[PDB]
Amino acid sequence: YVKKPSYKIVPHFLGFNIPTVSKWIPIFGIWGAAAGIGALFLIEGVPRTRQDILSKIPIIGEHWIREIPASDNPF
Amino acid sequence: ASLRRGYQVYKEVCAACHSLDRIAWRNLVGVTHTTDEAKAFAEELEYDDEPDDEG
């Protein structure tokens, strides 16, 4: 015979609890990647982005190593 | 190559009467001339400097 139902209250805040949030942790990850890729793509033209990030990527990085010949540069 | 030849016609014929005031020497560079050729054209001319120390 059962006298009482068996349960606990899980900690919660602003209507979030850890079981639920834990399911969304990976989604925040992917959105973070999406925002990272997007941001980097937006500033791909900035010379510092190329110098410090993009030209350092292996294989692919040579796409961003481009020199103007000294004969063709007024400045 | 036609642009470069056309500059030479400008310089030897038209420039006696006609100005080309919107064009700077740097504009020729990498279009018709190398940096060195264009610098040489510029360096042959005299331009007004800032006044000296006695003004």
# chains A, B, ... in the order shown; residues from 1 in each chain; ligands from 1

$ interface_residues --of "chain A" --to "chain B" --cutoff "10 Å" --atoms "only C-alpha atoms" --output "mmCIF file with N, CA and C atoms, in the first residue's frame"
data_model
loop_
_atom_site.group_PDB
_atom_site.id
_atom_site.type_symbol
_atom_site.label_atom_id
_atom_site.label_comp_id
_atom_site.auth_asym_id
_atom_site.auth_seq_id
_atom_site.Cartn_x
_atom_site.Cartn_y
_atom_site.Cartn_z
ATOM 1 N N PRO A 69 52.216 44.163 -56.503
ATOM 2 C CA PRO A 69 53.570 44.420 -57.004
ATOM 3 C C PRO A 69 53.951 45.879 -56.770
ATOM 4 N N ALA A 70 55.213 46.130 -56.401
ATOM 5 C CA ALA A 70 55.652 47.466 -56.016
ATOM 6 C C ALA A 70 55.547 48.454 -57.183
ATOM 7 N N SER A 71 55.530 47.917 -58.408
ATOM 8 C CA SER A 71 55.425 48.707 -59.625
ATOM 9 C C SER A 71 54.000 49.226 -59.837
ATOM 10 N N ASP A 72 53.026 48.661 -59.120
ATOM 11 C CA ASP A 72 51.627 48.906 -59.426
ATOM 12 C C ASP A 72 50.989 49.634 -58.254
ATOM 13 N N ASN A 73 51.825 50.042 -57.301
ATOM 14 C CA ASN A 73 51.307 50.614 -56.079
ATOM 15 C C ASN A 73 51.739 52.068 -55.992
ATOM 16 N N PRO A 74 50.823 53.054 -56.114
ATOM 17 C CA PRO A 74 51.212 54.458 -56.012
ATOM 18 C C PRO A 74 51.643 54.816 -54.595
ATOM 19 N N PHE A 75 51.072 54.108 -53.616
ATOM 20 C CA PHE A 75 51.341 54.391 -52.217
ATOM 21 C C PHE A 75 52.456 53.453 -51.737
#

$ residues_around --residues "residue 64 of chain A" --least-positions-apart "3" --cutoff "8 Å" --atoms "only C-alpha atoms" --output "ChimeraX atom specification"
/A:50-51,54-55,61

$ write_last_selection --atoms "N, CA and C atoms" --output "PDB file, in the first residue's frame"
ATOM      1  N   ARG A  50      42.407  39.187 -42.020  1.00  0.00           N
ATOM      2  CA  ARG A  50      43.114  38.327 -42.952  1.00  0.00           C
ATOM      3  C   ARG A  50      44.492  38.038 -42.380  1.00  0.00           C
ATOM      4  N   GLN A  51      45.187  39.101 -41.946  1.00  0.00           N
ATOM      5  CA  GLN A  51      46.526  39.037 -41.378  1.00  0.00           C
ATOM      6  C   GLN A  51      46.572  38.105 -40.164  1.00  0.00           C
ATOM      7  N   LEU A  54      42.666  34.674 -40.956  1.00  0.00           N
ATOM      8  CA  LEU A  54      42.337  33.862 -42.117  1.00  0.00           C
ATOM      9  C   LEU A  54      43.583  33.320 -42.816  1.00  0.00           C
ATOM     10  N   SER A  55      44.687  34.076 -42.811  1.00  0.00           N
ATOM     11  CA  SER A  55      45.866  33.650 -43.554  1.00  0.00           C
ATOM     12  C   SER A  55      46.625  32.558 -42.805  1.00  0.00           C
ATOM     13  N   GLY A  61      44.718  29.051 -46.234  1.00  0.00           N
ATOM     14  CA  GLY A  61      45.164  30.346 -45.738  1.00  0.00           C
ATOM     15  C   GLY A  61      45.895  31.181 -46.782  1.00  0.00           C
TER      16      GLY A  61
END

$ atom_distance --atom1 "atom CA of residue 49 of chain B" --atom2 "atom CA of residue 22 of chain B"
19.8 Å

$ select_by_dssp --residues "chain A" --states "alpha helix (DSSP H)" --output "ChimeraX atom specification"
/A:18-42,47-52

$ residues_around --residues "segment 2-11 of chain A" --least-positions-apart "6" --cutoff "12 Å" --atoms "only C-alpha atoms" --output "JSON, numbers by chain"
{"A": [17, 18, 19, 20, 21]}

$ write_last_selection --atoms "N, CA and C atoms" --output "mmCIF file, in the first residue's frame"
data_model
loop_
_atom_site.group_PDB
_atom_site.id
_atom_site.type_symbol
_atom_site.label_atom_id
_atom_site.label_comp_id
_atom_site.auth_asym_id
_atom_site.auth_seq_id
_atom_site.Cartn_x
_atom_site.Cartn_y
_atom_site.Cartn_z
ATOM 1 N N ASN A 17 14.511 25.044 -15.698
ATOM 2 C CA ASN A 17 15.105 24.080 -14.794
ATOM 3 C C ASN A 17 16.283 23.442 -15.512
ATOM 4 N N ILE A 18 17.120 22.714 -14.776
ATOM 5 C CA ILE A 18 18.324 22.172 -15.380
ATOM 6 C C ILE A 18 18.005 21.098 -16.419
ATOM 7 N N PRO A 19 17.102 20.116 -16.192
ATOM 8 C CA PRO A 19 16.760 19.167 -17.253
ATOM 9 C C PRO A 19 16.432 19.837 -18.587
ATOM 10 N N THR A 20 15.616 20.900 -18.568
ATOM 11 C CA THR A 20 15.218 21.530 -19.817
ATOM 12 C C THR A 20 16.386 22.253 -20.470
ATOM 13 N N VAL A 21 17.086 23.075 -19.690
ATOM 14 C CA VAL A 21 18.189 23.855 -20.221
ATOM 15 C C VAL A 21 19.261 22.946 -20.817
#

$ residues_around --residues "segment 31-42 of chain A" --least-positions-apart "6" --cutoff "12 Å" --atoms "only C-alpha atoms" --output "list in words"
residues 24, 25, 48, 49, 50, 52, 53 and 54 of chain A

$ write_last_selection --atoms "N, CA, C and O atoms" --output "PDB file, in the first residue's frame"
ATOM      1  N   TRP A  24      18.989  22.180 -24.333  1.00  0.00           N
ATOM      2  CA  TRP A  24      19.197  23.255 -25.285  1.00  0.00           C
ATOM      3  C   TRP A  24      20.661  23.660 -25.368  1.00  0.00           C
ATOM      4  O   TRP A  24      20.991  24.500 -26.207  1.00  0.00           O
ATOM      5  N   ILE A  25      21.519  23.134 -24.472  1.00  0.00           N
ATOM      6  CA  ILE A  25      22.937  23.496 -24.453  1.00  0.00           C
ATOM      7  C   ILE A  25      23.563  23.288 -25.832  1.00  0.00           C
ATOM      8  O   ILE A  25      24.155  24.212 -26.381  1.00  0.00           O
ATOM      9  N   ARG A  48      43.121  43.245 -41.082  1.00  0.00           N
ATOM     10  CA  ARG A  48      43.592  42.645 -39.850  1.00  0.00           C
ATOM     11  C   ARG A  48      43.023  41.235 -39.677  1.00  0.00           C
ATOM     12  O   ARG A  48      43.725  40.347 -39.189  1.00  0.00           O
ATOM     13  N   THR A  49      41.754  41.041 -40.068  1.00  0.00           N
ATOM     14  CA  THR A  49      41.121  39.729 -40.034  1.00  0.00           C
ATOM     15  C   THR A  49      41.908  38.727 -40.873  1.00  0.00           C
ATOM     16  O   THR A  49      42.043  37.567 -40.498  1.00  0.00           O
ATOM     17  N   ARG A  50      42.407  39.187 -42.020  1.00  0.00           N
ATOM     18  CA  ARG A  50      43.114  38.327 -42.952  1.00  0.00           C
ATOM     19  C   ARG A  50      44.492  38.038 -42.380  1.00  0.00           C
ATOM     20  O   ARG A  50      44.847  36.869 -42.234  1.00  0.00           O
ATOM     21  N   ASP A  52      45.612  38.238 -39.235  1.00  0.00           N
ATOM     22  CA  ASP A  52      45.680  37.563 -37.944  1.00  0.00           C
ATOM     23  C   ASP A  52      44.922  36.237 -37.897  1.00  0.00           C
ATOM     24  O   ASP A  52      45.268  35.382 -37.081  1.00  0.00           O
ATOM     25  N   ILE A  53      43.849  36.087 -38.683  1.00  0.00           N
ATOM     26  CA  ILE A  53      43.034  34.886 -38.557  1.00  0.00           C
ATOM     27  C   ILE A  53      43.149  34.094 -39.852  1.00  0.00           C
ATOM     28  O   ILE A  53      43.646  32.972 -39.842  1.00  0.00           O
ATOM     29  N   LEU A  54      42.666  34.674 -40.956  1.00  0.00           N
ATOM     30  CA  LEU A  54      42.337  33.862 -42.117  1.00  0.00           C
ATOM     31  C   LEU A  54      43.583  33.320 -42.816  1.00  0.00           C
ATOM     32  O   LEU A  54      43.532  32.238 -43.386  1.00  0.00           O
TER      33      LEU A  54
END

$ select_by_dssp --residues "chain A" --states "strand (DSSP E or B)" --output "ChimeraX atom specification"
/A:12-13,16-17

$ write_last_selection --atoms "N, CA, C and O atoms" --output "compact mmCIF listing (two decimals), in the first residue's frame"
# COMPACT_ATOMS: atom_id res chain seq x y z
N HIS A 12 14.49 25.60 -9.84
CA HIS A 12 14.05 26.30 -11.03
C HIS A 12 14.19 27.79 -10.79
O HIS A 12 14.20 28.25 -9.65
N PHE A 13 14.24 28.53 -11.89
CA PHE A 13 14.43 29.96 -11.83
C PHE A 13 13.90 30.55 -13.13
O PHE A 13 14.30 30.12 -14.21
N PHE A 16 12.86 28.19 -15.75
CA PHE A 16 13.81 27.27 -16.34
C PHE A 16 14.26 26.28 -15.28
O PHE A 16 14.39 26.63 -14.11
N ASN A 17 14.51 25.04 -15.70
CA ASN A 17 15.11 24.08 -14.79
C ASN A 17 16.28 23.44 -15.51
O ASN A 17 16.40 23.57 -16.73

$ decode --residues "chain B" --atoms "C-alpha atoms" --output "PDB file, in the first residue's frame"
ATOM      1  CA  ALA B   1      48.459  49.570 -74.466  1.00  0.00           C
ATOM      2  CA  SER B   2      46.175  51.970 -76.314  1.00  0.00           C
ATOM      3  CA  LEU B   3      45.679  53.951 -73.062  1.00  0.00           C
ATOM      4  CA  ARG B   4      49.473  54.339 -72.687  1.00  0.00           C
ATOM      5  CA  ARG B   5      49.868  55.447 -76.322  1.00  0.00           C
ATOM      6  CA  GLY B   6      46.956  57.859 -75.864  1.00  0.00           C
ATOM      7  CA  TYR B   7      48.669  59.415 -72.853  1.00  0.00           C
ATOM      8  CA  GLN B   8      51.678  60.057 -75.072  1.00  0.00           C
ATOM      9  CA  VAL B   9      49.485  61.827 -77.648  1.00  0.00           C
ATOM     10  CA  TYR B  10      47.923  63.888 -74.852  1.00  0.00           C
ATOM     11  CA  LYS B  11      51.321  64.840 -73.494  1.00  0.00           C
ATOM     12  CA  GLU B  12      52.903  65.742 -76.868  1.00  0.00           C
ATOM     13  CA  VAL B  13      49.978  67.337 -78.703  1.00  0.00           C
ATOM     14  CA  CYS B  14      46.912  68.217 -76.614  1.00  0.00           C
ATOM     15  CA  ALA B  15      48.688  69.352 -73.488  1.00  0.00           C
ATOM     16  CA  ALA B  16      49.930  72.483 -75.288  1.00  0.00           C
ATOM     17  CA  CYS B  17      46.431  73.923 -75.015  1.00  0.00           C
ATOM     18  CA  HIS B  18      44.364  71.592 -72.843  1.00  0.00           C
ATOM     19  CA  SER B  19      44.557  70.734 -69.190  1.00  0.00           C
ATOM     20  CA  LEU B  20      43.819  67.400 -67.523  1.00  0.00           C
ATOM     21  CA  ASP B  21      43.285  68.799 -64.061  1.00  0.00           C
ATOM     22  CA  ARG B  22      41.312  65.971 -62.509  1.00  0.00           C
ATOM     23  CA  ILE B  23      44.084  63.423 -63.043  1.00  0.00           C
ATOM     24  CA  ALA B  24      46.966  63.016 -60.575  1.00  0.00           C
ATOM     25  CA  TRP B  25      50.253  61.236 -61.337  1.00  0.00           C
ATOM     26  CA  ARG B  26      49.231  58.393 -58.989  1.00  0.00           C
ATOM     27  CA  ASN B  27      46.227  57.780 -61.308  1.00  0.00           C
ATOM     28  CA  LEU B  28      48.499  56.557 -64.139  1.00  0.00           C
ATOM     29  CA  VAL B  29      50.160  53.994 -61.907  1.00  0.00           C
ATOM     30  CA  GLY B  30      49.115  50.421 -62.701  1.00  0.00           C
ATOM     31  CA  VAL B  31      46.913  51.635 -65.556  1.00  0.00           C
ATOM     32  CA  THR B  32      49.362  53.009 -68.110  1.00  0.00           C
ATOM     33  CA  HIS B  33      52.694  53.331 -66.220  1.00  0.00           C
ATOM     34  CA  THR B  34      54.684  51.810 -63.363  1.00  0.00           C
ATOM     35  CA  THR B  35      55.194  53.677 -60.065  1.00  0.00           C
ATOM     36  CA  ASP B  36      58.717  54.645 -61.172  1.00  0.00           C
ATOM     37  CA  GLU B  37      57.732  56.053 -64.544  1.00  0.00           C
ATOM     38  CA  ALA B  38      54.983  58.154 -62.988  1.00  0.00           C
ATOM     39  CA  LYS B  39      57.291  59.408 -60.224  1.00  0.00           C
ATOM     40  CA  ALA B  40      59.793  60.409 -62.866  1.00  0.00           C
ATOM     41  CA  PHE B  41      57.150  62.419 -64.726  1.00  0.00           C
ATOM     42  CA  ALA B  42      56.122  64.144 -61.488  1.00  0.00           C
ATOM     43  CA  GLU B  43      59.723  64.876 -60.340  1.00  0.00           C
ATOM     44  CA  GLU B  44      60.524  66.721 -63.599  1.00  0.00           C
ATOM     45  CA  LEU B  45      58.031  69.459 -62.737  1.00  0.00           C
ATOM     46  CA  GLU B  46      58.038  72.212 -60.129  1.00  0.00           C
ATOM     47  CA  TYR B  47      55.099  72.812 -57.860  1.00  0.00           C
ATOM     48  CA  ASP B  48      54.418  75.469 -55.236  1.00  0.00           C
ATOM     49  CA  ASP B  49      55.680  74.458 -51.798  1.00  0.00           C
ATOM     50  CA  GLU B  50      54.676  75.923 -48.422  1.00  0.00           C
ATOM     51  CA  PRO B  51      56.455  79.293 -47.814  1.00  0.00           C
ATOM     52  CA  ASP B  52      59.931  79.196 -46.276  1.00  0.00           C
ATOM     53  CA  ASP B  53      60.744  80.419 -42.765  1.00  0.00           C
ATOM     54  CA  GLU B  54      60.783  84.103 -43.762  1.00  0.00           C
ATOM     55  CA  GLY B  55      57.432  83.440 -45.455  1.00  0.00           C
TER      56      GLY B  55
END
